[PDB]
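Trainee: Sequential numbering from 388 applies to the sequence shown in the authors' numbering.
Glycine included, every Cβ here is placed at the ideal spot set by N, Cα and C.
The structure that follows is given in the form of structure tokens.
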Amino acid sequence: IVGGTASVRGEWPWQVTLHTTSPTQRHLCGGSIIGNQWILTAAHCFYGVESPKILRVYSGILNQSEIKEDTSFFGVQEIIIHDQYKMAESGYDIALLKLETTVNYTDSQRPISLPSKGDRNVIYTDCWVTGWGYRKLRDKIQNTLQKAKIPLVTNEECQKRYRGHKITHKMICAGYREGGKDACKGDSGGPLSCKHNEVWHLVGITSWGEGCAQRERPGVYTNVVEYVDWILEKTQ
Ligand SMILES: Nc1ccc(-c2cnn([C@H](CC3CC3)c3ccc(-c4c(-n5cnnn5)ccc(Cl)c4F)c[n+]3[O-])c2)c(F)n1
């Protein structure tokens, strides 16, 4: 996260850090708890991933340095990638992780609701992107989970900034005209979380952008509301 600030323990309890363990253990992507056995993340995350065997899902993590050889994690039983996914910038950047067992929810590990039936025309004005990613284009994974408030932009404006890509209704963009706050490397797969009537909704999945936090280049997110039928089909 560029231009963000540190979170405190318990602040974003649906946020997970997905680790790979091949050839060595490192943070791979963010993700969001959407069910006791279900993480929603980005399909792009699994580009180099030989199978679910090498994944570890950590929840309830504030600092990456909390994770040690005895820190508990959830195994991944299945990676469900959208059948039309080809590359992040062309959409369908969405994946479900089915965990081997059910998260018992606690103060530090909680679900975020999907965008609700009948909210298709809500204007979300309280949206935040979170993650352990770079604070700038050439940087490092951050120890403490970072947060930044970022405004949504219309798909019409977004398309005008990305005339070499097809910005569709299955994408949602977010950023400041002047730049300065955005996701960056290591944030993808995590949530774009928007609060409406004091309830958090998983509005976007952090996906791609041109640089990080550049002027007039909003970040691009998977528009979760357009995949609700797909999520329900896969999780049922
Ligand atoms: N050590 C270390 C080093 C690198 C990485 C690493 C590298 N890229 N990525 C991902 C894609 C990889 C996981 C498949 C990625 C891609 C794009 C974005 C992104 C951007 N950016 C534009 N230019 N950069 N970012 C802007 C806006 C939005 Cl909205 C974005 F989503 C975020 N991420 O995370 C993870 C790492 F994870 N660890």
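If we count the other Cβ atoms within 10 Å of its Cβ and call it buried at 16 or more, is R602 buried or exposed?
Mentor: Label assigned to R602: exposed.
Trainee: Let me know the secondary structure DSSP gives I441 once reduced to three states.
Mentor: Of the three classes helix, strand and coil, the one that applies to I441 here is helix, per DSSP.
Trainee: Assuming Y563 and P538 are in contact, meaning their beta carbons sit under 8 Å apart, how far apart are those beta carbons, in whole angstroms?
Mentor: Indeed, because the Cβ distance is near 7 Å, the residues count as touching under 8 Å.
Trainee: Work out the CA separation of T555 and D457 for me, nearest whole Å.
Mentor: About 44 Å.
Trainee: Would DSSP call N610 helix, strand or coil?
Mentor: Of the three classes helix, strand and coil, the one that applies to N610 here is strand, per DSSP.
Trainee: What ranges does the beta strand (DSSP E) occupy inside the region 576 to 606, keeping only unbroken runs of at least 3 residues that lie completely in it?
Mentor: List check, beta strand (DSSP E) in window: 578 to 583 and 586 to 595.
Trainee: On a CA-only basis, which of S495, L589, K523 and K534 is nearest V612? Give me that one, please.
Mentor: Considering only alpha carbons, the answer is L589.
Trainee: Among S580, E585 and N584, whose alpha-carbon lies nearest the alpha-carbon of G591?
Mentor: Nearest of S580, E585 and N584 to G591, Cα basis: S580.
Trainee: Can you tell me the Cβ-Cβ gap for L532 and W519, rounded? I've got them flagged as a contact below 8 Å.
Mentor: The pair is a contact, with the Cβ atoms about 6 Å apart (cut-off 8 Å).
Trainee: Is there contact here, the region 444 to 451 with the region 398 to 411, by at least three beta-carbon pairs under 8 Å?
Mentor: Yes, since at least three Cβ pairs between the region 444 to 451 and the region 398 to 411 fall closer than 8 Å, the two stretches touch.
Trainee: Which residues in the same chain have their Cβ closer than 6 Å to the Cβ of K557, if we skip the five residues on either side of it in sequence?
Mentor: These residues qualify, in order along the chain: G478, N610 and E613.
Trainee: How big is the Cα-Cα spacing for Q546 and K455?
Mentor: Looking at the two C-alpha atoms, the distance is approximately 43 Å.
Trainee: Nearest CA to the CA of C599: which residue from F460, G573, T622 and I467?
Mentor: Ranking the options by Cα distance to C599, first place goes to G573.
Trainee: Less than 9 Å between the beta carbons of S575 and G390, yes or no?
Mentor: The answer is no: Cβ separation not under 9 Å.
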